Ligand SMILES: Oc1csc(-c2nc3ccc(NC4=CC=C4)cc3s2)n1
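Next up: a single chain in C-alpha cells, the form solved without this ligand.
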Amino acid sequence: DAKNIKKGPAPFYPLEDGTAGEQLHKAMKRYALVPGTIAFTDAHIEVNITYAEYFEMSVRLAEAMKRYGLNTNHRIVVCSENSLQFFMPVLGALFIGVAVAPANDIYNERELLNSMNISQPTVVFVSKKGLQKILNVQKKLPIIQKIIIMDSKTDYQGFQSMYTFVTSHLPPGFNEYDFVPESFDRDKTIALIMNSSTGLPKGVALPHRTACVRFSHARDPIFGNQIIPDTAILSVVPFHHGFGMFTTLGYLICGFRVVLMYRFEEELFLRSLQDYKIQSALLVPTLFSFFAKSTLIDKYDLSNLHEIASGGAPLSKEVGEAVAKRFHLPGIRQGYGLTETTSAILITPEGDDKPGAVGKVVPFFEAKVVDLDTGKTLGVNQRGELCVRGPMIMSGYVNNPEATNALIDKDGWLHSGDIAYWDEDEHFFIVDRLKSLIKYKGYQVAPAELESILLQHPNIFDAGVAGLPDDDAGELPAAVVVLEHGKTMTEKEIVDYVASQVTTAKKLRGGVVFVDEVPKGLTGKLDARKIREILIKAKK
C-alpha cells in the first residue's frame, strides 16, 4: 500500500553525531561560557542556577563517579521531587555512559522497591525527604553500595552530599572545562531506564540514541521550540517521568531557562507565567481540567505565553478547547507518546492545528493503523490499532524480553494497543474510550458513568464497564468487577445496586464478571476490548 503509512517529515535539525552525554556536554559548555545564562529557576525559593554552575557541577559529578568506579556496567537511581539539583547526577551519568533510573518520589516503599529491583543501581542519589525510604530499600537490595544526598551542601545524617562526594573523588587540579565526556555506542548504551498498565511497573531501557533523536525534535520550529534567546518554560510535570525528563534535556540543549515547580498552586503558577515571562507551560492532564475551571487568568499579564503542552498525553477536544479559551490561545499543543517511545511521536505541529486531532507523525518516525484481526495496514479515516516505528522506540523492558516481544514485532513496529485513525491531511485522532458509548435498543450510556456508580460501592474496589454484544438489543451493559479485599458481593447484588441508581435504559443487564484486575492499556486507561473479551468468554 505504502501511501497508508504516515511518515514524519525531514527534521529541521539533522540528527547529530555523538552520545546523548556528548551532545548535552557540548551544548551546555557553550552556554556555561556566557555568565548569567539561567538553566533552572526554582519558582518556590526563587533561586536561579546558571548554565556555568550546572555544567561545572555535572562535569564534576561525571568525573567523580568515573573515579569511584562506575562505567557502562552500572546504573544509578535519582529519587527526588523536581528540584534545582535533579539533573546534576542525570547529566553526570550521561556524560560517562552510566544508565540513569529515575524513581518516582511519591512511590510508597513497595513501588520504590519494585522499580529499583529492576534497575539494580550501584549508587543512589536522593533528596533528604526520600532518605528513609531509600535506606529501607537498601536493606533489601545488596547492590546499592552508596547513597548520596542531592539537596545538601555538607554531609547529611552521615551521608555525603553531591558536593562532598565530588571532593572525595576528583583528582587534584581537575579542570571542568578540560573534561571530555565518554564516547561509546549510542545504540547499545542505555541512557535512561524509565518506569512504565496491568501488573507491576516495568523498566523501559532507552538507548542514548533515543535522546539524540529527541534533541532534534526539541529545536524543531514545527515539532518543538525555535531556539530564540531568553526563552523560559514553566514545568510542573515530574522530571522522573518521560514528559518532564525528555522535555528538560531538550531545553538544556536549547539553552532555555527552565522554571520549575514541585508543588502546584494556582496563584504561584499564574504569577510565575507572568513574572518569568514564560513562553511555554507544561501540565499534567488533570491540571488541564483544573485550568478549565480557573477564573483568575485575566488578572495576569501573560502576553509572552504561547504554548501550553500535554506531552505524550492526549486530551479531549473539550478540555483542550476550554483551556485554550481560558488562556486566549488559538489552541494547545498535545501529542501521543508512551514511555516506550521515549516521548511524543505524534505532536501538534506549529501552525497546523486541527480540532480533535492529536497531531502528526514526528520526524524520524512512521505510524499506521492496523486491523485488530488481520493485522493488515488499514487506509484513510479507518479505525484500527496504532502502530509506530522509529529510532526512539525502547530497546526493551529490562529483564523481560517476553513483554518486549509482545509489544514490538519483527519489523520494529510497536503495537500501542490504542485505536486511532488518520485523515486526508495525515492528522491523527486517538479514539477516546470514554466517549465509546454502549447502545441498548438505541438508548446510549457512557461506560464511565456506570463505572462511577460501581466504584461508589463500599464493596467494589475497581470496575470496568463494556457492552456485551447482544443481537436482540444491540448491547447489554456489563462489567468486570474487582471486589475490595475481604468483602463478598454477588452479581445479583451488584446488578440490583446499579438498577437502584439508573434509568431503566442504563441497567447492568449484561451482568458481572468478577476479576482480580481490570485490564488497562499502556495509555493508563481501561481496555474496553479485553473487558469485552472476558465478558464474552465467561457468558457461555
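In this text, rigid core is short for the largest set of C-alphas that superpose within 1.5 Å between two forms. Shifts are known only where both forms have a C-alpha. All residue numbers are counted from 1 along the displayed sequence.
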| item | value |
| --- | --- |
| Across other compared entries, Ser183 missing in at least a third | no |
| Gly224 dropped from a third or more of the other entries of this protein | no |
| Missing residues, deposited sequence, between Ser196 and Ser197 (class: none, 1 to 3, 4 to 9, 10 or more) | 1 to 3 |
| Residue range whose averaged C-alpha B-factor is higher in the record, 410 to 418 or 95 to 103 | 410 to 418 |
| 339 to 347 or 232 to 240, whichever carries the higher mean Cα B-factor | 339 to 347 |
| Member of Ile49, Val502, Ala32, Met57 with the greatest C-alpha B factor (per the PDB record) | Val502 |
| Highest-ranked of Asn71, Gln334, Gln382, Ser289 once sorted by CA temperature factor in the record | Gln382 |
| Third of the chain, ranked by Cα B-factor, where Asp527 sits | highest |
| Ranked C-alpha temperature factor of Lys188 among modelled chain residues, by third | middle |
| Among modelled residues of the same chain, the CA temperature factor third for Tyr440 | highest |
| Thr377 - Cα temperature factor, lowest/middle/highest third of chain | highest |
| B-factor third for the C-alpha atom of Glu53 within its chain | lowest |
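Heads up, the form deposited with this ligand bound isn't pictured, but that's what we're talking about next.
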| property | result |
| --- | --- |
| Open vs blocked, site of this ligand as found in the deposited complex, superimposed, 2.4 Å to backbone or C-beta | blocked |
| Interface residue in the deposited complex among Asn82, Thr210, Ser115, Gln334, criterion: non-hydrogen atom within 4.5 angstroms of this ligand | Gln334 |
| Partner-contacting position among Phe215, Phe95, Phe86, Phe243 - heavy atom within 4.5 Å of this ligand in the deposited complex | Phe243 |
| 4.5 Å heavy atom contact, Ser235 and this ligand in the deposited complex | no |
| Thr247: touches this ligand in the deposited complex, heavy atom cutoff 4.5 angstroms | yes |
| This ligand contact at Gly311 in the deposited complex, heavy atom, 4.5 Å | yes |
| Partner proximity in the deposited complex: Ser119 to this ligand, non-hydrogen atom cutoff 4.5 Å | no |
| In the deposited complex, segment of 296 to 304, 173 to 181, 68 to 76, 337 to 345 with a heavy atom within 4.5 Å of this ligand | 337 to 345 |
| Regions of at least 3 residues displaced between this form and the one not shown by 2 angstroms or more (CA, core superposed) | 311 to 313 |
